[PDB]
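As a starting point, one isolated chain is supplied in structure tokens, in the form deposited in one PDB entry.
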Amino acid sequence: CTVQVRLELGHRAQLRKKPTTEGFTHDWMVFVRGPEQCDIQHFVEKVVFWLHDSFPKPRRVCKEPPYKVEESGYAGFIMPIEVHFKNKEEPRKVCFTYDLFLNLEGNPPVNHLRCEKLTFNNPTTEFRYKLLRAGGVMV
């Protein structure tokens, strides 16, 4: 059997009224979540967000919801995001390369969503139940 689950990755960015002491222009927030009335914590062990090289402790881990990072910056960057599963077999995780882009001065805030369907072929019984408890569907 095959079980499909959905993830939503997203981000919001806007200009700060007042730049930080480093002079960062923007606040941003990146997240991983499930669709409404779904609970991805049943099958997700943790989410790791890899911030820009410039950050202190760039490896940011969320072991429970909300799976989100909120920071300030001057520029967008490519953000590796790892979603680790409560699985004993492969795949143990999925990796996304997320386009964290900011609004150019003048332009309204950014509020984006990237929807990902995961297809698990022949998951173990134990993991199958986690996917289905999260609101996954047999296909």
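Throughout, rigid core stands for the largest set of C-alpha atoms superposing within 1.5 Å between the two forms. Residue numbers here begin at 1 and follow the sequence given. Only residues modelled in both forms are compared.
Separately, the form deposited with a partner chain bound exists; it is not shown, and the next lines address it.
Heavy atoms within 4.5 Å of the partner chain in the deposited bound form are found in one stretch of 62-70, 82-90, 31-39, 97-105, which is 97-105.
When contacts are judged by a 4.5 Å heavy atom cut-off, residue 55 counts as touching the partner chain in the deposited bound form.
Though the partner is left out of this view, residue 113 does not reach within 4.5 Å of the partner chain in the deposited bound form, counting heavy atoms only. Although the partner is absent here, residue 77 lies within 4.5 Å of the partner chain in the deposited bound form, judged by heavy atoms.
Core-based superposition between this form and the one not shown shows that, of 109, 58, 91, 35, only 109 has its Cα displaced by 2 Å or more. In this core-based overlay, residues 104-110 form the only run of three or more whose Cα positions differ by 2 Å or more between this form and the one not shown.
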